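Asker: Below you will find the structure I want to go over with you.
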Amino acid sequence: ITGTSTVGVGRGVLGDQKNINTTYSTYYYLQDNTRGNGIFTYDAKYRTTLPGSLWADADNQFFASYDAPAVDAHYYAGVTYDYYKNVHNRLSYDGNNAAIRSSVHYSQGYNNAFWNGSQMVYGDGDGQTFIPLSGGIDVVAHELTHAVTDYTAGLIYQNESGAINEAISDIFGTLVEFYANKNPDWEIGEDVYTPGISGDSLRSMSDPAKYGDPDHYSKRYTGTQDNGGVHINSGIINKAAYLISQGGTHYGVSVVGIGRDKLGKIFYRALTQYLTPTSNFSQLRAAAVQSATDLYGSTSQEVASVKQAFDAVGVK
Ligand SMILES: NCCc1cccnc1
Ligand SMILES: [Ca+2]
Ligand SMILES: [Ca+2]
Ligand SMILES: [Ca+2]
Ligand SMILES: [Ca+2]
Ligand SMILES: [Zn+2]
């Protein structure tokens, strides 16, 4: 909407206070005009119609329990925008400052969040499996990264290309979590998953098998569930990315780590220059090798480490 840019204050899902960019016109709206063509957050009001209503607040203070998922969806979309702009010189998900839209309070007890091709959508969780999913910065950034993928490589959401799609979202979700530097880790969703259980998460990149996901191509899922295992076989690529960044020995193969920043540069370049809608795991390895060659040189440690990491997970 048309109005003037303002700064509100609120509390997120985890009870932390933060400032949020709003717009004043009669009401204060969750519309951040400081980033691209705007970040807009909507109330789905427990329904499944989307987007719902642009979030309106009478006083620019967002401390009600009902406000918390909206505060975090809005704020973490801003952090994710900042990561892509400041780290990769990418302006929003399309590279042209497309407006970023999110809806919260989607459905009732909905234990998921997603990018729907047009916008991000967050359930509130059922209070046992999840609390409202926008409380996880890695979740928010995972979702917005699907939009980046859609506009770049276009990886089809099935089988190996879909597992790459998922892993790219986990990788950049994690790199955004490190960028914000609040309790960063290599696990996915820990801040919103199972409030009654400490120390768990949906997935681990450092040890995918902790939650039943494969960490070697020989253990890949070959069935039809989950669009051919897109959230399962992602563990093979997540493990490779973890090894590239942090190093380690895995099934007897040693990888010299090169750090998170170079991991991000290599995978961002692979995603935006080399991957295609039908890329498989072997093609991802080649894309990563070529990206590291472009950035660091063919004889570099970085190229050598990409090769050892894919070797370690059984991808040639
Ligand atoms: N992401 C968990 C995949 C899975 C499910 C059930 C048993 N083993 C593995
Ligand atoms: Ca208020
Ligand atoms: Ca964390
Ligand atoms: Ca995490
Ligand atoms: Ca938990
Ligand atoms: Zn995903």
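Please note that chains go A, B, ... in the order of the structure tokens, that every chain numbers its residues from 1, and that ligands are numbered from 1 in the order shown.
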Please report, as a VMD selection string, each residue of range 9-158 of chain A to which DSSP assigns alpha helix (DSSP H) when run on this structure's backbone.

Answerer: chain A and resid 68 to 88 137 to 151

Asker: Please identify every polymer residue within 9 Å of ligand 3, using only C-alpha atoms and all ligand atoms, and present the set as an MDAnalysis selection string.

Answerer: chainID A and resid 136:138 174 177:178 181:191

Asker: How would the residues just picked look written out with N, CA, C and O atoms as a JSON list (two decimals), in the first residue's frame?

Answerer:
[["chain", "number", "residue", "atom", "x", "y", "z"],
["A", 136, "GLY", "N", 12.01, -20.14, 12.80],
["A", 136, "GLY", "CA", 13.30, -20.68, 12.42],
["A", 136, "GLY", "C", 13.90, -19.92, 11.26],
["A", 136, "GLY", "O", 13.36, -19.96, 10.15],
["A", 137, "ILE", "N", 15.00, -19.20, 11.49],
["A", 137, "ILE", "CA", 15.61, -18.44, 10.40],
["A", 137, "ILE", "C", 16.04, -19.38, 9.27],
["A", 137, "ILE", "O", 15.90, -19.04, 8.08],
["A", 138, "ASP", "N", 16.53, -20.57, 9.61],
["A", 138, "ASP", "CA", 16.92, -21.53, 8.57],
["A", 138, "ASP", "C", 15.71, -21.99, 7.76],
["A", 138, "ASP", "O", 15.83, -22.19, 6.55],
["A", 174, "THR", "N", 21.08, -22.62, 6.07],
["A", 174, "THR", "CA", 22.12, -22.68, 7.09],
["A", 174, "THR", "C", 23.10, -21.52, 6.97],
["A", 174, "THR", "O", 23.50, -20.93, 7.98],
["A", 177, "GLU", "N", 21.51, -18.61, 8.47],
["A", 177, "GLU", "CA", 21.55, -18.74, 9.93],
["A", 177, "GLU", "C", 22.92, -18.32, 10.47],
["A", 177, "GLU", "O", 23.00, -17.62, 11.48],
["A", 178, "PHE", "N", 24.00, -18.74, 9.80],
["A", 178, "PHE", "CA", 25.33, -18.29, 10.23],
["A", 178, "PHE", "C", 25.51, -16.79, 10.02],
["A", 178, "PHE", "O", 26.14, -16.12, 10.84],
["A", 181, "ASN", "N", 24.02, -15.10, 12.81],
["A", 181, "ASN", "CA", 24.94, -15.40, 13.90],
["A", 181, "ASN", "C", 24.24, -15.50, 15.25],
["A", 181, "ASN", "O", 24.79, -15.11, 16.28],
["A", 182, "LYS", "N", 23.03, -16.07, 15.27],
["A", 182, "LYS", "CA", 22.34, -16.39, 16.52],
["A", 182, "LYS", "C", 22.21, -17.91, 16.60],
["A", 182, "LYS", "O", 21.45, -18.52, 15.84],
["A", 183, "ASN", "N", 22.98, -18.52, 17.50],
["A", 183, "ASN", "CA", 22.99, -19.96, 17.71],
["A", 183, "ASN", "C", 23.09, -20.75, 16.40],
["A", 183, "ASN", "O", 22.29, -21.67, 16.17],
["A", 184, "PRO", "N", 24.05, -20.44, 15.53],
["A", 184, "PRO", "CA", 24.11, -21.14, 14.24],
["A", 184, "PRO", "C", 24.59, -22.57, 14.40],
["A", 184, "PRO", "O", 25.34, -22.90, 15.32],
["A", 185, "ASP", "N", 24.13, -23.41, 13.49],
["A", 185, "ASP", "CA", 24.50, -24.82, 13.46],
["A", 185, "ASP", "C", 24.25, -25.36, 12.06],
["A", 185, "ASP", "O", 23.79, -24.64, 11.17],
["A", 186, "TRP", "N", 24.53, -26.65, 11.89],
["A", 186, "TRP", "CA", 24.33, -27.37, 10.64],
["A", 186, "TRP", "C", 23.10, -28.27, 10.69],
["A", 186, "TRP", "O", 23.00, -29.23, 9.92],
["A", 187, "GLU", "N", 22.16, -27.99, 11.59],
["A", 187, "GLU", "CA", 20.90, -28.71, 11.65],
["A", 187, "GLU", "C", 19.79, -27.80, 11.13],
["A", 187, "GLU", "O", 19.94, -26.58, 11.05],
["A", 188, "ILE", "N", 18.67, -28.42, 10.75],
["A", 188, "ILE", "CA", 17.57, -27.72, 10.09],
["A", 188, "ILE", "C", 16.34, -27.74, 10.98],
["A", 188, "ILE", "O", 15.81, -28.81, 11.29],
["A", 189, "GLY", "N", 15.86, -26.56, 11.35],
["A", 189, "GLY", "CA", 14.59, -26.42, 12.02],
["A", 189, "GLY", "C", 14.60, -26.58, 13.52],
["A", 189, "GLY", "O", 13.53, -26.62, 14.14],
["A", 190, "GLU", "N", 15.79, -26.66, 14.13],
["A", 190, "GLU", "CA", 15.89, -26.92, 15.56],
["A", 190, "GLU", "C", 15.15, -25.89, 16.41],
["A", 190, "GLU", "O", 14.74, -26.20, 17.53],
["A", 191, "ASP", "N", 14.99, -24.65, 15.92],
["A", 191, "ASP", "CA", 14.39, -23.62, 16.77],
["A", 191, "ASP", "C", 12.88, -23.74, 16.88],
["A", 191, "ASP", "O", 12.29, -23.13, 17.78]]

Asker: Quick one: residues within 9 Å of ligand 6, with only C-alpha atoms and all ligand atoms, as a ChimeraX atom specification?

Answerer: /A:113-115,139,142-143,145-146,165-170,230-231

Asker: Of the residues A:57, A:64, A:74, A:202, which is the one nearest to residue 111 in chain A, using only C-alpha atoms?

Answerer: A:202

Asker: Write out as CSV the residues of chain A that have any atom within 8 Å of an atom of ligand 1, one row each with the nearest atom pair and its distance in Å to one decimal, counting only C-alpha atoms and all ligand atoms, sorted by chain and then rising number.

Answerer:
residue,atom,partner,partner_atom_place_in_ligand_line,distance
A:202,CA,ligand 1,1 (N),7.6
A:203,CA,ligand 1,1 (N),7.0
A:211,CA,ligand 1,2 (C),5.7
A:212,CA,ligand 1,9 (C),4.1
A:213,CA,ligand 1,1 (N),5.1
A:231,CA,ligand 1,1 (N),6.5
A:232,CA,ligand 1,1 (N),5.1

Asker: Show which residues sit within 12 Å of residue 54 in chain A, as a PyMOL selection string. Count only C-alpha atoms, and ignore same-chain residues fewer than 5 positions away.

Answerer: chain A and resi 1+22-23+27-32+39-45+70+74+101-104

Asker: What do you get as a ChimeraX atom specification if you pick all residues at most 7 Å from ligand 5, counting only C-alpha atoms and all ligand atoms?

Answerer: /A:190,192-201
